[PDB]
Amino acid sequence: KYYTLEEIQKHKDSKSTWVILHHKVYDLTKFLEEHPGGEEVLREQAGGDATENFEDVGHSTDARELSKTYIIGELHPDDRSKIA
Ligand code: HEM
């Protein structure tokens, strides 16, 4: 399902904490508490083009593979050229 940067940007933190990861929207409004690096790193990239600051962070493949378990959406076919 598509989502626009607007809705994404709203959903930073507290009960709606979404991330655009490799052109794929995951909500992670819970995992905030769970991540070994806690909220901060998620929060600061939430409602954002986290694609990059996610996979470039030296994440182990593991942290990527679970990523494709969730998927609430992809994105609008315009925002597709912002993530870059
Ligand atoms: C999809 C859910 C994610 C999972 C399950 C996950 C899992 C992990 C794991 C297992 C590590 C530790 C790697 C190790 O000890 O070798 C890690 C490290 C890290 N993650 Fe994530 N991660 C997720 C999402 C994110 C996101 C979205 C960000 C922010 C953009 C992020 C930022 C970081 C950072 C900064 C570190 C390392 C910091 C340091 O070395 O002190 N993670 N993650």
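Numerical summary
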quantity: Trypsin sites (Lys or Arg not before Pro) within the stretch 1-69, DSSP loop, no more than 14 other Cβ atoms inside 10 Å; calculated: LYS1, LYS15, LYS30
quantity: Extended-chain gain in nm, criterion 0.36 nm per residue less alpha-carbon gap, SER81 and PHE31; calculated: 15.3 nm
quantity: Pairs of Cα atoms farther than 18 Å apart, the stretch 1-61, %; calculated: 26 percent
quantity: Two-site label geometry, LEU66 and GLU7: point separation in nm, points 7 Å out along Cα→Cβ; calculated: 2.6 nm
quantity: Cleavage-rule hits, GluC sites (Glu not before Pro), the stretch 4-84, DSSP coil, Cβ neighbours within 10 Å at most 13; calculated: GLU34, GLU44
quantity: Least to most buried among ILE71, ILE20, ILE8, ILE83 (fewest other Cβ within 10 Å first); calculated: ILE71, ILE83, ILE8, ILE20
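Because the Cβ atoms are built from the backbone with ideal geometry, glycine has one as well, and the counts that use them run over all protein chains shown. Every read-out reported here was derived from the displayed coordinates using simple, explicitly stated rules and does not represent laboratory data.
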